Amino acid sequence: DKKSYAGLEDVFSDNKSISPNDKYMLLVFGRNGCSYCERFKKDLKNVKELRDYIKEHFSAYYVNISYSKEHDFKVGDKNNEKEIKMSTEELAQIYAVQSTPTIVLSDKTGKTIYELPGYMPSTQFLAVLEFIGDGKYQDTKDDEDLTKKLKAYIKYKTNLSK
């Protein structure tokens, strides 16, 4: 339900239609009775820098796997967008969701860039979001180099926060 993210309608668009819509895409898989999902939402509410950053750079969706809805999922570039109707369960399966919260960050074509299978405090999480949102990920050689640069960037932002 929309109740899954009550008060965060400014951040999350209706998940009946999921697409990057010419922004980076942020998909959060959550569920009922999930204390880390609750902590994640409180961070989004209360850390204005995090909230503003997401609203500026991301099309964001909160998918509650405690329920089953139909989602119109639209990815691909401008020349060829693929639109598929899928269930909550099929959407989670595509992303291989195994735990909640799972956070998926994708580019404007809907290509997965990075995934966090768990909660991360707001300082570190905003660093991950900037690494993707400012395009810094683009200058990396591979998955290993991206991970290494991202981890560097997070420590840097951690030093900065103190």
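Don't overthink the numbering: it's just position in the shown sequence, from 1.
The stretch with the higher mean CA B factor, choosing between 10-18 and 145-153, is 145-153. Higher mean CA temperature factor between 58-66 and 112-120: 112-120, per the PDB entry.
Of the candidates 125, 137, 40, 53, the PDB record gives 137 the highest C-alpha temperature factor.
Sort the modelled residues of the chain by CA B factor and residue 100 lands in the middle third.
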